[PDB]
Every structure is written in C-alpha cells, then in structure tokens.
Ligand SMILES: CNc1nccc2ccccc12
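Before any questions on binding or motion, here is one chain by itself as structure tokens, the form deposited without ligand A1AJ2.
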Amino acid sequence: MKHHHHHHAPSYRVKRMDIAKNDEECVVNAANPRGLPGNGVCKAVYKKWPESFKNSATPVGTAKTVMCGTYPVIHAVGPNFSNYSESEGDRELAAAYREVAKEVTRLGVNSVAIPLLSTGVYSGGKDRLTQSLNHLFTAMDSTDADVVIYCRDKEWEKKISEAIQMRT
C-alpha cells in the first residue's frame, strides 16, 4: 500500500516549457497509436526517452507505460479529431485520460508531468484547451499525485492557470 509524506497535499500546477525537461517522477506522452516518433510533444519525448518506445503501440483511448531505465513514460493516445466525429472523439479523449489516472495510481508516483491530449496536430484545427483540460481534471481529480501540466503557448498558460486557480 502507498503512503505519503505528512506534508503531501495533492496539487495542480502549469508550466510553459518542454515537457522533456520536467521535474516530476513520470511523464505522459501525447502518443500516437503506432508508437512512432511523431512530432511536437511526442517527438520531444522520443528524443529524451527513446528506449520507452519499445512496444509502446496501443489503441486510441488507451495508455501504455514503458520504462526508460526506471523512469516511467505513460504513452496516452488521444483521438485525432480529423478522423473521429466530435461525439466519438470526445469519448475517446476522456477515456485516454482515465487510463492515465489508472497508470499513475498503479505506479505509485508522487508526481506526474502531463500535456493536454489532442490539442496539437490531433485537434482537427480547433482550439480544444477547455475540452482537454476538463477531461484531464475529470480523470486526475481522484488521484493524489502532484500534477504538473505542460504547455507551450503563452495565452494557453494563462487560461490553464486561471482554470486551476478558480477551483481553489
């Protein structure tokens, strides 16, 4: 059974920087179903933890953890909204985050670095910040890990921070 330090109060934070530089105990990749190096976040994850791509292929709506050494990389496959309808894509996006929460719990980590799934090249050309962040919260709220959300856009940083602060 998992125990924490007496001071542990689970938190959310957002940082605008490359998730490959994260200071957390594990990382969530914005993965593609075939386990390819990809682009954007996925390519940064591939450059930093290439060993974690051994047998990382997994279906849309799921997560698969592969260790790089002892450092866990949770490959979470959100839907490409160019291929899915809005209703089906929304369900798969929510499902991918639920699988992340299960993996974070199983691993026993105290913290996790997470990107906003399906907000980059899989967004179908739409702004999906609120949709993706709300599914992240829905899955992660019941976990006790410190969650650090990574983004790259300055306006997105502000909106994510606002959403975090308004629930506190």
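Counting begins at 1, following the sequence as shown.
- For the pair 19-27 and 150-158, the mean B factor over Cα atoms is greater in 150-158.
- Taking only CA atoms, the mean B-factor in the PDB entry is higher for 120-128 than for the other of 120-128 and 59-67.
- In the deposited entry, the Cα temperature factor of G89 places it in the highest third of its chain's modelled residues.
- Among all modelled residues in this chain, the alpha-carbon of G40 has a temperature factor (C-alpha) in the highest third.
- Sort the modelled residues of the chain by CA B factor and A9 lands in the highest third.
Below: the form solved in complex with ligand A1AJ2, not depicted.
- Taken together, the three residues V41, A44 and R152 all lie with some non-hydrogen atom within 4.5 angstroms of ligand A1AJ2 in the bound PDB entry.
- Not displayed here, ligand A1AJ2 is kept clear of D146 by more than 4.5 Å at the level of heavy atoms in the bound PDB entry.
- Although the partner is absent from this view, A9 stays clear of ligand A1AJ2 in the bound PDB entry, with no non-hydrogen atom inside 4.5 angstroms.
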